[PDB]
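Given next, in structure tokens, is a single chain: the form deposited in one PDB entry.
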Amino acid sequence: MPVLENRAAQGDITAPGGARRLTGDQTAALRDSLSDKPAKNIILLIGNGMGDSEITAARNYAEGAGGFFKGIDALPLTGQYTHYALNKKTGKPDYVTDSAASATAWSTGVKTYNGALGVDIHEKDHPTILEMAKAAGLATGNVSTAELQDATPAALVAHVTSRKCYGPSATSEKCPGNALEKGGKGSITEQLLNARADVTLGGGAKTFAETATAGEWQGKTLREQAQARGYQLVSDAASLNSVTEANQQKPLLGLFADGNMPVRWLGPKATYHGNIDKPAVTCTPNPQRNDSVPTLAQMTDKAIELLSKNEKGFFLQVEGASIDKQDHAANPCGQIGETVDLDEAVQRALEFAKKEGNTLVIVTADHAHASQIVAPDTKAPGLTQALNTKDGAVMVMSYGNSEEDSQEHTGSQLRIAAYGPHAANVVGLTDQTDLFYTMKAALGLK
């Protein structure tokens, strides 16, 4: 099964045929891309808030308009999928979802209300793909650049009525029914420790400092509980690379930051009339970002290495979280940088998948975001910024769907790409819940 080796403009963009991305007929290539054989492994790459606009903006800046993302754009089978949520009261569609509802959708196969994790509109728990993979004996990995308590990684191991219920404190207030001291299954963090994924890497060290209000580990901090339960704790790249094995007997838990991990690129925030009043911006690498802090690609590579030891197979979810966060903050450079960051992780995954031959790789987003690419001379009512691209040309980005604090998500259907066995199930129009069934079927989970 081939990956798109190169879909960059083939020559001089000015001359006829120079902008082409295809060098010949693709029919044969696609035929060789189709297989219904069972998938032994599944790697799901999620670009939080990475809609088509985000991909295009990032490509334009980093690779040029005629450029090509060796990871993100390399997936041969493409399609568009819907991700609408539900109104808790009415049960009718809520056109603009959040991370909680969307993550729950692909991880459980049931739509839900914004803010919910692993539960439906009746607050009934729903088993997640990870829990199912684990039950079947497959290795499991949950990786993200955000706090491990954030919606996307949380949805795989937690079932709470509200995403805000990070640890003991918040749960007692926001999710009384889930609160341990009130007979519930516990907070997101507690349920995370319970679910026991073989590999869990990301940020969110902060919440682990809290103490359990009940249970066998009452009074101890969630960090202590983790150690008492056999988890291997890692806080930096050096130690991460030192891990030789990860399994149910010795699960890996890597906390590389108190909150969200560091952003790759720094840049000023978009401003009112920023494209006409202020100069064009050139993103600059974040000095904070460290050799001590592993990149998403490094975490992804280590995860695959450890998970691949399991002869039965594995399920791994990787998330480029800050694309969304930076989009909210109207920061082009941060947003774009995180997309480039995710691209590297996709490459690592695709490399392994190409060699393995029985791995389904999927790259998609939870929902669309605010950012739009607009004309250089645009006078918009929101936040704008001009950027110096790899093409030596200026690109203007606009965020104009909110006044308020952050920029809002949008309900537009978006790209979903895949490679490997059962990838055909992402072509055409599908729903986010279909992804659950596709992954479940590919893995032969029964």
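Just count from 1 along the sequence shown to find any residue number.
Keep in mind that the form deposited with a partner chain bound is missing from the display, and what follows is about it.
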Checklist line | Any non-hydrogen atom of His328 within 4.5 angstroms of its partner chain in the bound PDB entry | finding: no
Margin query: How about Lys354 - does it come within 4.5 Å of its partner chain in the bound PDB entry, if we only consider non-hydrogen atoms?
Written below: no
Item checked: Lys164, heavy atom within 4.5 angstroms of its partner chain in the bound PDB entry -> yes
Next item on the list: State yes or no: in the bound PDB entry, is some non-hydrogen atom of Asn114 no more than 4.5 angstroms from a non-hydrogen atom of its partner chain?
Entry: yes
